[PDB]
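In: Quick one, what's the 3D model for this:
(one chain, ligands or ions: 6)
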Amino acid sequence: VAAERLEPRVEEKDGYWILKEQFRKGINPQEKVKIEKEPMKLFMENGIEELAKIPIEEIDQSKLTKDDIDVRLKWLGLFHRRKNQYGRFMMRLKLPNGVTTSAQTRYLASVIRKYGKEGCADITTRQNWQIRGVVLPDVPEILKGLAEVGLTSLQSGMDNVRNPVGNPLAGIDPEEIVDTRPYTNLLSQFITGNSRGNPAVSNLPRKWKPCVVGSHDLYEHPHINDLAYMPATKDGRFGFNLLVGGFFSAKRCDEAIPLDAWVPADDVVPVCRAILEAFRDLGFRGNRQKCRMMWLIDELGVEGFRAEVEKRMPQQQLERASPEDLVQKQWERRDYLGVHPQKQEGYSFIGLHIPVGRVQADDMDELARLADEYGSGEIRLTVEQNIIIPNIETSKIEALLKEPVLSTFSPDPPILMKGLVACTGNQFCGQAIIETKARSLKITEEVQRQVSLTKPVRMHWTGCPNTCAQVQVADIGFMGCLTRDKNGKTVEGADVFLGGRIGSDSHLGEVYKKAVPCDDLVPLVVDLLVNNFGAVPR
Ligand code: SRM
Ligand code: SF4
Ligand SMILES: [Cl-]
Ligand SMILES: [Cl-]
Ligand SMILES: [Cl-]
Ligand SMILES: [K+]
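Out: Numbering: from 1, shown residues only. Ligands and ions are numbered 1, 2, ... in the order given. What follows is the structure:
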């Protein structure tokens, strides 16, 4: 690799980071949008105030403003559902470690309630909240309301650092390695500039995902993150070994690889900054399918990339990985649904199943009420789109289990529901090839009516090759496609994936059978469960 390849391609100009003139040739259309107007100005210079006043029909009449609502607003966590819910915006938060409060939950519920049939909310595969139904004129007030309850939506989509994932049992599990909350909190504060915006990390070549591991279970899925912090002692000191480059895409899925780097615990933010600066400064900005950080690592080689991280560390020091980490390979992933004792004597947490992560305003208020009456006003989200309510005095559990809402959001649903994960799909997402959430519930219910089983089989449904619901991690994965019935009629279908493993012995699943009509999936899945997962016909 030539020395010229290592010239930083972006520069700071008036508080923002822009592509240098000499590197602007051959860039993709999204890069052109960022050059034409800095997206962060919508927040940091309050550009949103005037934009929100313009009728959407008028906005659509000029490239600049249409790009504002369709592209730049994703820097403020706002996603125009142009195709499937025109004029409405999904809104996505920062929620490090999946931690929310009852007050925040009630606020979000009050927003979606206003929108009636156009509103609802979802737990995401990054243990995050999304709300739906937002209209542009309401955005300035919603931004204010979020701030008032201690939430930000900054930098949650597009070419930004995505939600920092941690251990859903952080601080409460007798078996945790290290509480991940301080680290994911620090990362979120760094990324968002303490909720003011951080332009230094908002002009990346592409999205970038971090997680901090604190569980032997590896609930955080470090193998599929762009940066994963693996807890490790080195020379008598606590810190993290670093894995880099994990990602999924339509074109390519790759597991994270060792950077061959260890940092002391206090260097979590400095090394996040160094890695992001290297990616920002040096990443390819052509074909969008070749812009994720792993592509830079392949171009430079991992050692070449490591040197770029090292030069961006304070005092330019980056230690080599510790030979061993603290994650025990002898481990069985633990079910977190149901009632479990905390490490604080006399307290329990309860894991509640949220069917395909979907909630309405009334449901959110109920969950917030439970967290206040039984817990400490805290609700935790999980990457399987479920919830945990921690800090419940164990003597209250008997009463809690009789709460009517637990018949819908159950601490002990059937085993296949426990592991079911589904993306948004075509109800709202314009990329979706099929409907996911309703279909996956229907099929799973029918399958479980036919077979019983004891193995915790994890089924993931995703609506298109973007694989937001991570079909490559599933025991059985379903990727949306269009296919044909026996008469040659167009029908919704799924490509069925097998072979995904999580935890320390992780593995990426691959397509097993293409183009199965959705109406034909039940018998296929029933047979797979009996033949490969020990299920027994009822
Ligand atoms: C909500 C969520 C799925 C869910 O139901 O839980 C989701 C939903 C969307 N994803 Fe995703 N992604 C979600 C996690 C993922 C993950 C899983 C993960 O992070 O562990 C992946 C695969 C892992 C990865 O990217 O490395 C993922 C891969 C993508 C991709 C393909 C990325 C690529 O490099 O090609 C796109 C399209 C893109 O970015 O170009 C995408 C784009 C989208 C958009 C924003 C597309 C759009 O504007 O319509 C989807 C919004 C639909 C909607 O209205 O909800 N989404 N997306 C997840 C939100 C996470 C969060 O809170 O931040
Ligand atoms: S996998 Fe496809 S259909 Fe599902 S939310 Fe992501 S982009 Fe939309
Ligand atoms: Cl996006
Ligand atoms: Cl769309
Ligand atoms: Cl996404
Ligand atoms: K769920």
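
In: so where do the helices sit in the stretch 51-200 of the chain?
Out: In the stretch 51-200 of the chain, the segments counted as helices under DSSP state H, counting those that start in this stretch are 56-59, 63-70, 102-114, 139-148, 181-192.

In: The stretch 201-350 of the chain now?
Out: Using DSSP H, counting those that start in this stretch, the helices of the stretch 201-350 of the chain run over 268-282, 293-300, 302-311.

In: residues from the chain in reach of ligand 1?
Out: With the criterion set to CB under 6 Å from any ligand atom, the chain comes near ligand 1 through 79, 90, 92, 122, 124-126, 128, 130, 156-157, 162-163, 207, 209, 224, 247-250, 292, 423-424, 428-431, 466-470. (C-beta placed from N, C-alpha, C; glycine too.)

In: Spell out which residues of the chain are next to ligand 3.
Out: Taking CB under 5 Å from the ion as the contact definition, the chain meets ligand 3 at 74, 157, 158.

In: make it 8 Å
Out: By CB under 8 Å from the ion, the residues of the chain that approach ligand 3 are 74, 79, 157, 158, 207.

In: List only buried entries from those.
Out: Using 16 or more other CB atoms under 10 Å as the burial test, the residues of the chain next to ligand 3 include 74, 79, 157, 158, 207 as buried.

In: what residues are up against the third one?
Out: Contacts of residue 157 were listed using CB atoms under 8 Å, 6 or more residues apart in numbering, and they are 74, 75, 77, 79, 92, 207.

In: let's see 7 Å
Out: Applying CB atoms under 7 Å, 6 or more residues apart in numbering, one finds that residue 157 lies in contact with 74, 77, 79, 92.

In: Roughly how far does the closest residue to residue 142 other than its chain neighbours sit from residue 65?
Out: Using CB to CB, 6 or more residues apart in numbering and skipping residues adjacent in sequence, the residue nearest residue 142 is residue 111, 6.1 Å away. Residue 111 is 24 Å from residue 65, where distance means CB to CB, to the nearest Å.

In: okay, now the residue nearest to residue 142: neighbour count?
Out: Residue 111 sits with 21 neighbouring residues when counted by other CB atoms under 10 Å.

In: shouldn't it be in contact with residue 143?
Out: No - the pair residue 111 / residue 143 is not scored as a contact, 11.1 Å apart, by CB atoms under 7 Å.

In: related to what we said a few turns ago, just curious, which of the contacts of residue 157 is nearest to ligand 2?
Out: Within the contacts of residue 157, the smallest distance to ligand 2 is 10.3 Å, found for residue 79 (CB to the nearest ligand atom).

In: Counting neighbours, what do you get for the residue nearest to that closest one when sequence neighbours are not counted?
Out: Leaving aside its sequence neighbours, residue 79 sits nearest to residue 90 (CB to CB, 6+ apart; 4.3 Å). By the criterion of other CB under 10 Å, residue 90 has 22 neighbours.

In: How much space separates residue 90 from ligand 2?
Out: Residue 90 sits 10 Å away from ligand 2, going by CB to the nearest ligand atom, to the nearest Å.

In: Repeat that for residue 81.
Out: Distance, residue 81 to ligand 2, by CB to the nearest ligand atom: 11 Å.

In: and that residue, how far is that from residue 503?
Out: 35 Å.

In: ok so, going back, so which of the helices of the stretch 51-200 of the chain comes closest to residue 256?
Out: Across those, residue 256 has its closest neighbour in helix 181-192 (16.3 Å, CB to CB).

In: Which strands or helices does the closest one pack on?
Out: Judged by 3 or more CB pairs under 7 Å, 6 or more residues apart in numbering; DSSP states H and E, the packing partners of helix 181-192 are strand 210-212, helix 268-282.

In: which other residues reach it?
Out: Residues from elsewhere that reach helix 181-192 (CB under 7 Å, 6+ apart): 94, 96-97, 99, 152, 154-155, 161, 164, 166, 170-171, 198, 201, 210, 212, 229, 268-269, 272-273.

In: if we can go back for a sec, could the residues of the chain next to ligand 3 go into TSV alongside distance to residue 181?
Out: Below are the residues of the chain next to ligand 3 laid out as TSV (distance: CB to CB, whole Å):
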residue	distance to residue 181
74	26
79	27
157	24
158	26
207	23
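
In: More neighbours: which of residue 81 and residue 503?
Out: Neighbour comparison, residue 81 and residue 503: the larger count goes to residue 81, with 20 against 17 (by other CB under 10 Å).

In: these two touch, right, the more buried one and residue 88?
Out: Yes - the pair residue 81 and residue 88 passes the contact test of CB under 7 Å, sitting 5.3 Å apart.

In: what's the straight distance from one end of stretch 493-503 to the other?
Out: Using CA to CA, to the nearest Å, the end-to-end distance of stretch 493-503 comes to 29 Å.

In: Determine if any part of that stretch is in contact with ligand 2.
Out: No - judged by CB under 6 Å from any ligand atom, stretch 493-503 and ligand 2 are separated, with a smallest distance of 12.2 Å.

In: Mind listing what's buried along that stretch?
Out: In stretch 493-503, counting by 16+ other CB under 10 Å, buried: 493, 494, 495, 496, 497, 499, 500, 502, 503.

In: And the spatially closest residue to residue 256 that is not a sequence neighbour, how far from residue 516?
Out: What sits nearest to residue 256 in space, not counting adjacent residues and going by CB to CB, 6+ apart, is residue 246, at 3.3 Å. Using CB to CB, residue 246 is found at 28 Å from residue 516.

In: Ok, residue 269 next?
Out: Going from residue 269 to residue 516 by CB to CB gives 46 Å.

In: about what we covered before: hmm, the residue nearest to residue 256 is touching residue 227, no?
Out: No - using CB under 7 Å, residue 246 makes no contact with residue 227, being 8.6 Å away.

In: how about the buried ones among the residues of the chain next to ligand 3, which pair is most distant?
Out: Farthest pair in these (CB to CB) is 79 and 207. Separation: 13.1 Å.

In: so residue 507 makes contact with residue 475?
Out: No - using CB under 7 Å, residue 507 is not in contact with residue 475, being 10.9 Å away.

In: Understood, closing this out.
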